[PDB]
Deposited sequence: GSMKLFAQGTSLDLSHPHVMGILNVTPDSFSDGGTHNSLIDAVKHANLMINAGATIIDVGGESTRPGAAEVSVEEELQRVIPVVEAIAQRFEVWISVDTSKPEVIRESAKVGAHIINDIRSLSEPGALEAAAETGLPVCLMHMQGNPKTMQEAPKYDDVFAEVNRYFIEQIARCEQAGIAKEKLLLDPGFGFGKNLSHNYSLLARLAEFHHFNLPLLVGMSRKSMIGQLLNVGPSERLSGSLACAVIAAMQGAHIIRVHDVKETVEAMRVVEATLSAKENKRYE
């Protein structure tokens, strides 16, 4: 399995580590310094995001998001060979990010915003479809599912069809069950335990559990104390054949992924279920 964008390809025969580069508040110099460190630590994708996914923040204007995101995507694309994912829901940011070299559109809202689907289709870039119950402002009030796995799985079926209808072929899609997005602790572990069953779509799986409450609430530790839990999550998902792991702690995750790959390559069937 492979993805193609901007004249290069990403080989998904082993797990990739995607480093988080938050550009919400010198800003450009600092972002590039951080990118450089993450690449050096072995990140093969850098996820650039300029709108907080937090509960009460006003949505950032299109002009402010462009100012935070585009110069950063641009500076990374012209210095490094790394893949760049852009964490946006706005069509204009999608368009302008593609123009300066972004490889993956990583929308937490799965292109639900007006125009976003058409803009993503126009760029021809890979698109990540992430499950979220409701919207970021209220999704954590009262998450509820009768069957969280089936509900997430159904969402993927629907969203795939929506993308295909807009001209975005299956081969461009990645799926992400959206850890922490309208999910309590037990919902998150039900999804993680069954993650391998999402392979039936024959699409790349991306996960992001790094430093999230599904670790914090389980261990009763603060946000700076979650590395060991974050590594355990990453390993659990990668052992089940997750293709991309989105993280804060790149060096440590890359090391863990090398251990996973050595294990998977000694296994006859290449996956745990």
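The deposited chain is incompletely modelled, with C-alpha atoms absent over 1 to 2, 28 to 36.
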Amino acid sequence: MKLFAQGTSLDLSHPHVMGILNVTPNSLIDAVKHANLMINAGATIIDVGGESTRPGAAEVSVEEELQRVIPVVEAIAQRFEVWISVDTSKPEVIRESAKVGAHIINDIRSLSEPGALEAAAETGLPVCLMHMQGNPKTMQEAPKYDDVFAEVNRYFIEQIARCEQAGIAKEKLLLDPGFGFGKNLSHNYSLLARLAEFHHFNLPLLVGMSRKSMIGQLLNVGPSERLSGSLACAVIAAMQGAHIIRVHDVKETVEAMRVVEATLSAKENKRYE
From here on, numbers count along this sequence of modelled residues.
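Between two forms, the rigid core is the largest collection of C-alphas that superpose within 1.5 Å.
The segment moving more, judged by mean Cα distance from this form in 9 other deposited structures of this protein after a core overlay, is 45 to 53 among 45 to 53 and 200 to 208. Superposing the other copies on the rigid core and comparing 55 to 63 to 218 to 226, farther C-alpha placement in 9 other deposited structures of this protein marks 55 to 63.
For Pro15, the record comparison shows coordinates present in all the other entries of this protein that model its neighbours, with no third of them leaving it out. Judged by mean Cα B factor in the deposited record, 42 to 50 ranks above the other of 42 to 50 and 240 to 248. In this crystal structure, the stretch out of 76 to 84 and 190 to 198 whose C-alpha atoms carry the higher mean B factor is 76 to 84. When the Cα B-factors of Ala58, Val207, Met214, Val69 are read from the PDB record, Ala58 comes out highest. Among the modelled residues of its chain, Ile160 has a C-alpha B-factor that falls in the lowest third according to the deposited record. In this PDB entry, the Cα temperature factor of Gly124 sits in the top third of its chain's modelled residues, the highest group. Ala262 sits in the middle third of its chain by CA B factor, as recorded in the PDB entry. Sort the chain's modelled residues by C-alpha temperature factor and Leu219 lands in the middle third, per the entry. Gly101 sits in the highest third of its chain by CA B factor, as recorded in the PDB entry.
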